[PDB]
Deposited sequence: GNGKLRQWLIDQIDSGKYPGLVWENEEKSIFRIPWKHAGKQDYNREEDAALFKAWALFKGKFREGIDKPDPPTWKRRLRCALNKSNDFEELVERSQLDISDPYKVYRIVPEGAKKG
């Protein structure tokens, strides 16, 4: 299970706008969830790229780039994981710069 530490590292790194902590206990955090158009095209997908690079699912100069399945893989991994739970009453999919709110369960 490499998702937990990986995500925490990426949030602490802060190389991703919109990706912030929600409390000084480092337990709840936002993640930008915007709908792609035909292309907000690369800066947002960086996470979805990073993950695909980390788990070796995308190798630069070997595979064809494909942001939709990167975002989908991360979505399915975050939904099916047990270390993360969506605070649905806190998510905000109905604004400009929308996001989803997640709590990190202790383990």
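Missing from the model relative to the deposited sequence are positions 1 to 2, 42 to 43, 112 to 116 (no C-alpha coordinates, numbering from 1).
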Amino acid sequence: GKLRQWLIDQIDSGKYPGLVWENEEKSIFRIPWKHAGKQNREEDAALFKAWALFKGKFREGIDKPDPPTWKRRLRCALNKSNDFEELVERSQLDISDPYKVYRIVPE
From here on, numbers count along this sequence of modelled residues.
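In this crystal structure, the stretch out of 40 to 48 and 62 to 70 whose C-alpha atoms carry the higher mean B factor is 40 to 48. As recorded in the PDB entry, 21 to 29 is the stretch of 21 to 29 and 86 to 94 with the greater mean C-alpha temperature factor. When the modelled residues of the chain are ordered by C-alpha B-factor, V101 sits in the lowest third.
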